[PDB]
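Protein chains: 2
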Amino acid sequence: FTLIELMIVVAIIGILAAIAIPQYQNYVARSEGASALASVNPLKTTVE
Amino acid sequence: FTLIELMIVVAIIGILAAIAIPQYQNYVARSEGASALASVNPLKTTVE
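Chains as they are written, first to last, in the entry's author numbering: chain U, 1 to 48; chain N, 1 to 48.
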């Protein structure tokens, strides 16, 4: 009778369907690069 | 970014470099003294 309780649980393991968003790391990368420009931009203005 | 607009303006305040000509008042004084002789000179000539 427990087999059916597991049927959902087999499903539950299954359904997760948005896990590995790697290039999350790559909008993170864009954030890190543009926001790496944020670090320097008033120093343009400072040299000048 | 406005800091640089002010850099010129700090300069502009600075550059003025011929302001206090006091003894302007003293060539004025020479004018006033010699030209004070101008007032009387035909009155030499008038007494005489």
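Beta carbons: idealized from backbone N, C-alpha and C, even for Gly.
Roughly how many angstroms separate the alpha carbons of residue i and residue j, rounded to a whole number?
i	j	result
N/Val-47	N/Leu-37	15 Å
U/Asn-41	U/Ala-20	34 Å
residue 114 of chain U	U/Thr-45	It is not possible to answer for residue 114 of chain U, since the shown part of chain U is limited to 1 through 48.
U/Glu-32	N/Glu-5	32 Å
U/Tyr-24	U/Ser-39	22 Å
Sorted by chain position, which residues of the same chain lie with C-beta nearer than 6 Å to residue i's C-beta, five sequence neighbours on each side aside?
i	result
N/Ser-35	none
Leaving out the 5 sequence neighbours to the left and right, which residues in its chain are closer than 7 Å to residue i when beta-carbon positions are compared?
i	result
N/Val-9	none
Excluding the 5 residues flanking residue i on each side, which residues of the same chain have their C-beta closer than 8 Å to its C-beta?
i	result
U/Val-28	none
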